[PDB]
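**Student:**
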Amino acid sequence: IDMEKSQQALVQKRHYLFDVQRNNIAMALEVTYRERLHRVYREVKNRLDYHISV
Amino acid sequence: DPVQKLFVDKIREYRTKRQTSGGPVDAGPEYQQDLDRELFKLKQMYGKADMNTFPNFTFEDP
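As given, the protein sequences belong to chains b and h, one line each in that order.
Just so you know, we're using the authors' numbering here: the first sequence kicks off at 108 and counts up by one.
Just so you know, we're using the authors' numbering here: the second sequence kicks off at 5 and counts up by one.
#1: Is the CB-CB distance between h/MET55 and b/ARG146 below 8 Å?
#2: Give a yes or no on whether 8 Å exceeds the smallest Cβ distance from b/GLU150 to chain h.
#3: At a CB-CB cut-off below 8 Å, which residues of chain b make contact with h/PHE63?
#4: At a CB distance below 9 Å, what residues from the stretch 123–135 of chain b approach chain h? Give them in sequence order.
#5: So what does DSSP say about h/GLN48, is it helix, strand or coil?
#6: Between which two residues does the alpha helix (DSSP H) containing b/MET134 stretch?
#7: How is h/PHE58 classed by DSSP in three states: helix, strand or coil?
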């Protein structure tokens, strides 16, 4: 009886895995977003630094 | 302050120079050679991308 009850309780958290998956993938997309922003900023500043140094 | 002829000497050499500044007077082709070498080296340190636009990326997703 109690083993079955334990399985029933374990069912409740049966979704957490996909919650984790979603969090990870979404935040990875956010990572790509943010790094793209920082990289474009970097490139523009570098390109203008070229001419400043000139 | 003009009492020291050195100041006026430097000053009007300077002036004549600025008037000649229509071009860099007496640059000498070695000037241009130095420019060439160092400008390349600077560019390679800065890469080979055309220094005129916003090099496009078309960023790649997972």
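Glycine is no exception: its CB is placed at the ideal position from the N, C-alpha and C atoms.
**Tutor:** Quick answer:
#1: no
#2: yes
#3: Ordered by position in chain b, the residues that pass the 8 Å Cβ test against h/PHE63 are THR139, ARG143.
#4: Residues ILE132, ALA135.
#5: helix
#6: Boundaries of the alpha helix (DSSP H) harbouring b/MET134: 123–160, taken from the DSSP string.
#7: coil
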